[PDB]
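Protein chains in written order, with the UniProt record's numbering: chain A, 105 to 138; chain B, 46 to 79, 99 to 206, 213 to 346, 363 to 373; chain C, 39 to 179. Note that beta-carbon positions come from the ideal geometry of N, C-alpha and C, so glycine has one too. Worksheet for the structure shown next.
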RNA sequence: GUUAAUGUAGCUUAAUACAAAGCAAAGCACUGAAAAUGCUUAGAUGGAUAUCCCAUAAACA
């Protein structure tokens, strides 16, 4: 079971992981268009 | 699926309201009833604010706060004058004062009524200040000409209006040097007439001009000599007068108003209120 | 005393004289449409993809108080234009602009989903504490 | 190099004014799916006049 500090630390990077995926999809969608 | 569907009711309502605003062949309610470099520098700060982890932490913690005072000062500098015009036009000052002429204010005029010496009552745009709170002349912070009006405070003639106090040849910001053409009079709004709008006008003075015609005896307690027209007075001085500042408040009737009418105006208090067989068989129903 | 002479009828010209008094007419039509039109002013809250905006509009259709996060002053002190706090801040800013405009009363008609939104609820909490009333006075007949 | 494209963020001649806008798109929560809804995520003038332009990529080459 994750500690409350772990969730806060994970919560910050999960935003980055979402951001990393979101940027990839924009490039991926544009890559498909090209 | 071909037909477009708004995913919220309000979007259709807002679109319908926008659609209703434009005239249409079908009947609608209205028809019947009706620089760059600075931004780039600004954007750099915005990126820094976004980068700040502390701001992000507050957002996810939903504890962030903003200082209203800091925003207020910045808002006035950037787009405050434009909003200033909207309030003045919405209240009908331009139509009543300049017969429909519209001017974008440029001087951020601010006025407040001094409560003794401890505090001074603000005078917003469309503000509410009681006549009891207007027993004294207000402080104005912003050559120049400074003029006071009661747009609807006239008791006899609709078009006419009275001056509270008019200063001419104001040098820069200081107002004590202005000529006291009209002595100060406390507001005297008639009872039952609701809210009277008083507009404070600032006009740019290209050259110093003595307004001997607009000089009035000090003190003057006669309404017959207080009556005037802004339009013709402005027209006479329109060459050297371009309005740039505004400030106006609304006042109801109050106990001080009785004092003003009687003590110095020396007249009755004005009171009004809006106001919303054979022979007789032939006359009666029976016949 | 000659001054004692007073005219029989007043000549009040203020557009909001009746509205502030409460005697002004409120829209009683649109019986076939929802919601009610018995409001002099209404709060219009529009949340764009990147910005949140709140406006106060009179029956005539002219916005008197307009609060937008795109405005430079608020955003520089506001971390993210789209946020629950942003709704609270724009509500306080809208209140302050409502304080600026002199308008104390407005009618707000949130939608079922909008009403459920915590950000809008906090925005209303910002409005009520600032004194801006979500319910306008009733008209006087 | 000749012709020609083509250069605010997927889209927009939104904008150069008081904002670089609106829209599309995105994480998580909410479990038929979808949609809706709450809470959240990321961004542009690759560039000028007040047409060339370098970059890019084509037919000529």
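Residue i burial status per 10 Å Cβ neighbour count (16 or more: buried)
| i | result |
| --- | --- |
| residue 296 of chain B | buried |
| residue 350 of chain B | The model contains no atoms for residue 350 of chain B, which sits in the stretch where chain B goes from 346 to 363 directly. |
| residue 174 of chain C | buried |
| residue 73 of chain C | exposed |
| residue 46 of chain C | exposed |
| residue 123 of chain A | exposed |
| residue 189 of chain B | buried |
| residue 338 of chain B | exposed |
| residue 53 of chain B | exposed |
| residue 148 of chain B | buried |
| residue 315 of chain B | buried |
| residue 340 of chain B | buried |
| residue 165 of chain C | buried |
| residue 78 of chain C | buried |
| residue 157 of chain C | buried |
| residue 99 of chain B | exposed |
| residue 370 of chain B | exposed |
| residue 39 of chain C | exposed |
| residue 166 of chain B | exposed |
| residue 109 of chain B | exposed |
| residue 94 of chain C | buried |
| residue 112 of chain C | buried |
| residue 313 of chain B | buried |
| residue 158 of chain B | buried |
| residue 105 of chain B | exposed |
9 Å Cβ cut-off: residues of chain B touching residue i
| i | result |
| --- | --- |
| residue 114 of chain C | 106, 109, 110, 113, 134, 135, 138 |
| residue 170 of chain C | Near residue 170 of chain C there are no residues of chain B at all, since even the closest Cβ is about 13 Å away, more than 9 Å. |
| residue 129 of chain C | None at all; the shortest Cβ gap to chain B is about 11 Å. |
Within chain B, the residues that residue i reaches when beta carbons sit closer than 8 Å
| i | result |
| --- | --- |
| residue 115 of chain A | 124 |
| residue 155 of chain C | Those do not exist, as residue 155 of chain C stays about 12 Å from chain B at its closest Cβ, beyond 8 Å. |
| residue 122 of chain C | 126 |
| residue 74 of chain C | Here the premise fails: no neighbours, minimum Cβ distance about 13 Å. |
Closer than 7 Å at the beta carbon, the chain B residues around residue i
| i | result |
| --- | --- |
| residue 58 of chain C | 264, 265, 320 |
| residue 61 of chain C | 344 |
Under 9 Å by beta carbon: chain C residues contacting residue i
| i | result |
| --- | --- |
| residue 53 of chain B | 149, 151, 152 |
| residue 337 of chain B | 39, 40, 41, 42, 43, 44 |
| residue 143 of chain B | 109, 110, 111 |
| residue 66 of chain B | 99 |
Candidates the options, of which the one nearest residue i by Cα
| i | options | result |
| --- | --- | --- |
| residue 20 of chain B | B:323, B:274, B:172, B:128 | The requested residue 20 of chain B is not part of the displayed model; chain B covers only 46 to 373. |
| residue 237 of chain B | B:282, B:162, B:343 | B:282 |
| residue 280 of chain B | B:110, B:260, B:289, B:240 | B:240 |
| residue 321 of chain B | C:43, C:146, C:161, C:59 | C:59 |
| residue 134 of chain C | B:179, B:141, B:115, B:133 | B:133 |
| residue 175 of chain B | B:66, B:192, B:128, B:302 | B:192 |
| residue 83 of chain C | C:178, C:153, C:138 | C:153 |
| residue 104 of chain C | C:86, C:76, C:138 | C:138 |
| residue 203 of chain B | B:179, B:286, B:219 | B:179 |
| residue 243 of chain B | B:255, B:206, B:363 | B:206 |
| residue 142 of chain C | C:149, C:113, C:110, C:96 | C:96 |
| residue 323 of chain B | B:160, B:107, B:256 | B:256 |
| residue 235 of chain B | B:287, B:183, B:181 | B:287 |
| residue 301 of chain B | B:285, B:319, B:271 | B:271 |
| residue 220 of chain B | B:318, B:306, B:143, B:303 | B:318 |
| residue 325 of chain B | B:364, B:245, B:194, B:277 | B:194 |
| residue 261 of chain B | C:48, C:43, C:42, C:71 | C:48 |
| residue 171 of chain C | C:178, C:151, C:145, C:41 | C:145 |
Cβ-Cβ separation, residue j to residue i (assumed contact under 8 Å), whole Å
| i | j | result |
| --- | --- | --- |
| residue 115 of chain C | residue 117 of chain B | Residue 115 of chain C to residue 117 of chain B, Cβ: 17 Å. No contact. |
| residue 385 of chain B | residue 268 of chain B | With chain B covering 46 to 373 only, the question about residue 385 of chain B has no answer from this structure. |
| residue 215 of chain B | residue 275 of chain B | 6 Å |
| residue 218 of chain B | residue 330 of chain B | About 15 Å; that fails the 8 Å criterion. |
| residue 90 of chain C | residue 107 of chain C | 5 Å |
| residue 129 of chain C | residue 92 of chain C | 7 Å |
| residue 232 of chain B | residue 293 of chain B | 7 Å |
| residue 335 of chain B | residue 291 of chain B | 6 Å |
| residue 99 of chain C | residue 58 of chain B | At roughly 14 Å, the Cβ-Cβ gap does not stay under 8 Å, so residue 99 of chain C and residue 58 of chain B are not in contact. |
Beta-carbon neighbours of residue i, restricted to chain C and to distances below 8 Å
| i | result |
| --- | --- |
| residue 221 of chain B | 51, 52 |
| residue 183 of chain B | Those within 8 Å of residue 183 of chain B in chain C number zero; the least Cβ separation is about 17 Å. |
| residue 189 of chain B | 138, 139, 140 |
Contact set between residue i and chain C, taken where Cβ atoms lie within less than 7 Å
| i | result |
| --- | --- |
| residue 226 of chain B | 45 |
| residue 119 of chain B | 117 |
Distance cut-off 7 Å: residue i Cβ against heavy atoms of the ligand ADP
| i | result |
| --- | --- |
| residue 143 of chain C | As for the ligand ADP, it is missing from this structure, which has no ligand bound. |
Quick one: complete beta strand (DSSP E) runs, 3+ long, within the stretch 223–299 of chain B? Counting whole runs of 3 or more residues, the stretch 223–299 of chain B contains the beta strand (DSSP E) stretches 236–240, 249–252, 266–275.
Within the stretch 159–194 of chain B, note down every full beta strand (DSSP E) run reaching 3 residues or more, in order along the chain. Under the rule that a run must span 3 or more residues, the beta strand (DSSP E) segments found entirely inside the stretch 159–194 of chain B read 174–179, 183–187.
Which ranges would you report for the alpha helix (DSSP H) in the stretch 114–154 of chain B if only whole runs of at least 4 residues count? Complete alpha helix (DSSP H) runs here, min 4: 117–125, 132–154.
Which full runs of the alpha helix (DSSP H) of 4+ residues lie inside the stretch 49–81 of chain C, going along the chain? Runs of the alpha helix (DSSP H) inside the stretch 49–81 of chain C: 55–59.
At which residue ranges does the stretch 135–165 of chain C contain complete alpha helix (DSSP H) runs of 4 or more residues, listed in the order of the chain? Entirely contained in the stretch 135–165 of chain C, the alpha helix (DSSP H) runs reaching 4 residues are, in chain order, 150–154.
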